2 protein chains.
Amino acid sequence: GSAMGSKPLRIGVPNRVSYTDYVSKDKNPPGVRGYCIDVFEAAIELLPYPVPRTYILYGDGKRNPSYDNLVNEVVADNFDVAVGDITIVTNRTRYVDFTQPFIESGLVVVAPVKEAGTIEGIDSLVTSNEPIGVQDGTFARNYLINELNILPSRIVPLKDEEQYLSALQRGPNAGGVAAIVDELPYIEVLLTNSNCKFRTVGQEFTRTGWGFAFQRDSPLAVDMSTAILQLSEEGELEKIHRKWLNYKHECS
Amino acid sequence: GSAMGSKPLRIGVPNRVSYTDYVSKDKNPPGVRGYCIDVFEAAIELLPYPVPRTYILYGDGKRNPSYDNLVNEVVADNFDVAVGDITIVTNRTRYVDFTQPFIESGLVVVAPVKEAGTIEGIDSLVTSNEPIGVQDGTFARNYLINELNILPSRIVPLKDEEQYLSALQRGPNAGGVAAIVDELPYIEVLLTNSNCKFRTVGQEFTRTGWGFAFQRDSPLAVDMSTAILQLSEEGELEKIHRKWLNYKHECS
């Protein structure tokens, strides 16, 4: 019979430095772990065919990588899929085939409790002209510039939870920010870890989700959407969420 | 030049008798109207090519039609797309290409305020062994049977808001139901119209969304997902929601 085997699915995984319960490196095979990996694996197990595969980390592990650059590595055929906390953003849907979302997402504004009389939501944050913290690597920076009219110099990329907290505590006149703009899944973790000093202000002012980003016309994208809906019906998406994420804390 | 023109996009639209602000017949061209039609049209307008099209009603206009049968009319090539309040259900994703969702959905339990000590959510409703009201035509009937272990004889299909309200008011021992199980978008309208006598009980116990159902491998599905995300960023999905749906009422 023919000697040459099939190439395995090349899975690109963002090498996250913050909010690592969503997805991160693992010292042990398969070399990655977290909520999005367990969902991906649970969905792979429901496909009606084997999927030989390997997980390849993307980023230097010092800062969160560019998620737009990770998605374009799929577009450029360096990976077959991007697996992780990959937001379903307009520009990315032009070039990859996302699954149906496996978790809902949306941007929120986070500010100190003491500041909520002047920063009440995205509209007051826009007109404040104060600095706005964001993660490294997120779609949110270009979203703020292009959709919310934020002057680019106002956007302050921050490395990790210690810096998210430091920047909010210092505030806008002492080298920090008026607010952080980030997706609600991350903020649920940040508020779990910050002793009731910060809160969301105003409406979740965008709505989308996270999906797995396959190449254009991939039959895996179709079959993994069906599998994600199966996990959702079975209660498995909720079980996997409970395994990795807990938003209960002491001060409330 | 060649005489024979292109066939227009055949759009199948459910001929709804209840919750007609989501989608329904219109006496005036294009012969259909509502929230899902305005979203579809707004998304069509963002595509980088014209899409000659026509809207064809599906159902006798006496009861809500079978949404599974509407989706299978796309699969069977009688329509090119199903446009309306089409839930993204596991079985349907095997055969059609849904867009990314344009609105979040999920099932909820609705019961009289007075009954919330015995019916507190889906778990207590399951174990109650009492009758459960559902819409005509919804995925929810088979969902309850197959995912929640409901004996089929317990499920009572109801025609319209007058019957949803009548069945809850009569209750389970006087020819009515213990609860209605339906998607939250419909229940938001029902509670707007029912004078604070009924409420949701327990968690929204499923999560998915509504999408437009194109044929397998349709390039329109790809490009209309991009367009839906554009409408979401621009705030147009919110503007269209506000045009059609208002959940404010007098008793609260």
# chains A, B, ... in the order shown; residues from 1 in each chain; ligands from 1
call {"tool": "residues_around", "arguments": {"residues": "region 207-221 of chain B", "least_positions_apart": "5", "cutoff": "6 Å", "atoms": "only C-alpha atoms", "output": "MDAnalysis selection string"}}
result
chainID B and resid 81:83 85:88 96:99 101:106
call {"tool": "select_by_dssp", "arguments": {"residues": "region 105-145 of chain A", "states": "strand (DSSP E or B)", "output": "list in words"}}
result
residues 105, 107, 108, 109, 110, 111, 112, 132, 133, 134 and 135 of chain A
call {"tool": "closest_atom_pairs", "arguments": {"of": "chain A", "to": "chain B", "cutoff": "7 Å", "atoms": "only C-alpha atoms", "output": "CSV"}}
result
residue,atom,partner,partner_atom,distance
A:89,CA,B:229,CA,7.0
A:90,CA,B:229,CA,5.3
A:93,CA,B:226,CA,5.7
A:94,CA,B:226,CA,6.4
A:100,CA,B:100,CA,6.2
A:147,CA,B:233,CA,6.9
A:206,CA,B:233,CA,6.9
A:226,CA,B:90,CA,5.4
A:229,CA,B:90,CA,5.3
A:230,CA,B:90,CA,6.1
A:233,CA,B:147,CA,6.9
call {"tool": "residues_around", "arguments": {"residues": "region 55-65 of chain B", "least_positions_apart": "6", "cutoff": "8 Å", "atoms": "only C-alpha atoms", "output": "ChimeraX atom specification"}}
result
/B:10-18,25,30-32,135-137,159
call {"tool": "select_by_dssp", "arguments": {"residues": "region 145-214 of chain B", "states": "alpha helix (DSSP H)", "output": "PDB file with C-alpha atoms, in the first residue's frame"}}
result
ATOM      1  CA  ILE B 145     -38.596  15.170  24.377  1.00  0.00           C
ATOM      2  CA  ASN B 146     -35.006  14.278  23.351  1.00  0.00           C
ATOM      3  CA  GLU B 147     -32.825  16.544  25.600  1.00  0.00           C
ATOM      4  CA  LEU B 148     -35.009  16.993  28.756  1.00  0.00           C
ATOM      5  CA  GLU B 161     -50.712  34.726  22.580  1.00  0.00           C
ATOM      6  CA  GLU B 162     -54.433  34.426  23.598  1.00  0.00           C
ATOM      7  CA  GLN B 163     -53.923  30.649  23.995  1.00  0.00           C
ATOM      8  CA  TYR B 164     -50.467  30.962  25.683  1.00  0.00           C
ATOM      9  CA  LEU B 165     -52.147  33.249  28.315  1.00  0.00           C
ATOM     10  CA  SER B 166     -55.353  31.098  28.557  1.00  0.00           C
ATOM     11  CA  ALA B 167     -53.288  27.900  29.125  1.00  0.00           C
ATOM     12  CA  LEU B 168     -51.119  29.445  31.874  1.00  0.00           C
ATOM     13  CA  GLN B 169     -54.202  31.021  33.587  1.00  0.00           C
ATOM     14  CA  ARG B 170     -56.202  27.691  33.594  1.00  0.00           C
ATOM     15  CA  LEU B 184     -36.629  34.295  25.403  1.00  0.00           C
ATOM     16  CA  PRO B 185     -37.307  36.700  22.435  1.00  0.00           C
ATOM     17  CA  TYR B 186     -40.958  35.544  22.272  1.00  0.00           C
ATOM     18  CA  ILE B 187     -41.386  35.493  26.084  1.00  0.00           C
ATOM     19  CA  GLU B 188     -40.100  39.144  26.277  1.00  0.00           C
ATOM     20  CA  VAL B 189     -43.147  40.040  24.086  1.00  0.00           C
ATOM     21  CA  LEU B 190     -45.560  37.742  26.019  1.00  0.00           C
ATOM     22  CA  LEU B 191     -44.512  39.338  29.385  1.00  0.00           C
ATOM     23  CA  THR B 192     -44.895  42.829  27.804  1.00  0.00           C
TER      24      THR B 192
END
call {"tool": "decode", "arguments": {"residues": "region 91-180 of chain A", "atoms": "C-alpha atoms", "output": "tab-separated table (two decimals), in the first residue's frame"}}
result
chain	number	residue	atom	x	y	z
A	91	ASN	CA	-12.43	41.69	9.21
A	92	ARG	CA	-11.54	38.11	10.20
A	93	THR	CA	-14.85	36.67	8.81
A	94	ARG	CA	-13.78	37.92	5.30
A	95	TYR	CA	-10.90	35.40	5.19
A	96	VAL	CA	-11.61	32.46	7.61
A	97	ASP	CA	-14.64	30.20	8.30
A	98	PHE	CA	-15.51	30.48	11.98
A	99	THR	CA	-17.68	27.96	13.64
A	100	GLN	CA	-20.88	29.00	15.29
A	101	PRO	CA	-19.74	30.63	18.55
A	102	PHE	CA	-19.02	28.35	21.57
A	103	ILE	CA	-19.32	31.31	24.06
A	104	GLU	CA	-20.97	34.75	23.91
A	105	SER	CA	-18.75	37.82	24.15
A	106	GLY	CA	-19.06	41.59	24.01
A	107	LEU	CA	-17.08	44.64	25.10
A	108	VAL	CA	-17.65	46.30	28.50
A	109	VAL	CA	-16.22	49.33	30.32
A	110	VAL	CA	-14.54	48.74	33.71
A	111	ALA	CA	-13.81	51.64	36.12
A	112	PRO	CA	-13.21	52.18	39.84
A	113	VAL	CA	-16.46	52.32	41.92
A	114	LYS	CA	-15.37	55.89	42.99
A	115	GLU	CA	-15.15	57.01	39.29
A	116	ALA	CA	-18.69	55.83	38.19
A	117	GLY	CA	-20.15	59.37	38.57
A	118	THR	CA	-17.98	60.63	35.67
A	119	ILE	CA	-17.36	57.33	33.72
A	120	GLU	CA	-20.84	55.68	33.37
A	121	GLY	CA	-20.36	53.79	30.10
A	122	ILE	CA	-18.73	53.87	26.68
A	123	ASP	CA	-20.38	57.23	25.68
A	124	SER	CA	-19.02	59.13	28.75
A	125	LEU	CA	-15.65	57.33	28.33
A	126	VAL	CA	-15.44	58.51	24.66
A	127	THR	CA	-16.23	62.16	25.55
A	128	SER	CA	-13.91	62.13	28.69
A	129	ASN	CA	-10.79	62.35	26.39
A	130	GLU	CA	-8.97	60.27	29.09
A	131	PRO	CA	-6.69	57.23	28.50
A	132	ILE	CA	-8.33	53.79	27.96
A	133	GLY	CA	-6.57	50.52	28.88
A	134	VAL	CA	-6.78	47.43	26.62
A	135	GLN	CA	-5.10	44.04	26.48
A	136	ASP	CA	-2.09	43.41	24.22
A	137	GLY	CA	-3.11	41.62	20.98
A	138	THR	CA	-6.94	42.23	21.09
A	139	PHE	CA	-9.24	43.36	18.26
A	140	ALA	CA	-10.52	45.93	20.78
A	141	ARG	CA	-7.78	48.51	20.04
A	142	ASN	CA	-8.79	48.92	16.33
A	143	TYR	CA	-12.47	48.56	17.31
A	144	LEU	CA	-12.19	51.60	19.62
A	145	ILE	CA	-10.33	53.66	16.99
A	146	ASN	CA	-12.56	52.78	13.99
A	147	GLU	CA	-16.04	52.20	15.58
A	148	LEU	CA	-15.97	54.51	18.68
A	149	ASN	CA	-13.80	57.40	17.29
A	150	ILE	CA	-11.07	57.06	19.94
A	151	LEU	CA	-7.87	59.00	19.21
A	152	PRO	CA	-5.16	56.28	18.98
A	153	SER	CA	-2.82	58.00	21.54
A	154	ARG	CA	-5.54	57.47	24.22
A	155	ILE	CA	-5.25	53.65	24.01
A	156	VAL	CA	-2.86	52.12	26.53
A	157	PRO	CA	-1.97	48.42	26.01
A	158	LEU	CA	-1.45	46.58	29.32
A	159	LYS	CA	0.42	43.25	29.89
A	160	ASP	CA	-1.43	41.28	32.57
A	161	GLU	CA	-3.85	41.45	35.47
A	162	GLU	CA	-1.24	43.19	37.73
A	163	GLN	CA	-1.01	46.00	35.13
A	164	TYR	CA	-4.80	46.13	34.45
A	165	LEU	CA	-5.30	46.67	38.25
A	166	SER	CA	-2.29	49.08	38.58
A	167	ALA	CA	-3.56	51.24	35.66
A	168	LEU	CA	-7.12	51.51	37.04
A	169	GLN	CA	-5.82	52.26	40.60
A	170	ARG	CA	-3.42	55.06	39.39
A	171	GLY	CA	-6.22	56.52	37.23
A	172	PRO	CA	-6.08	59.02	34.36
A	173	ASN	CA	-4.07	61.89	36.04
A	174	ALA	CA	-1.38	59.70	37.72
A	175	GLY	CA	-0.07	57.70	34.68
A	176	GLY	CA	-2.96	55.16	34.54
A	177	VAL	CA	-6.34	54.96	32.72
A	178	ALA	CA	-9.91	56.21	33.25
A	179	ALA	CA	-11.22	52.71	32.33
A	180	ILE	CA	-10.38	49.39	30.72
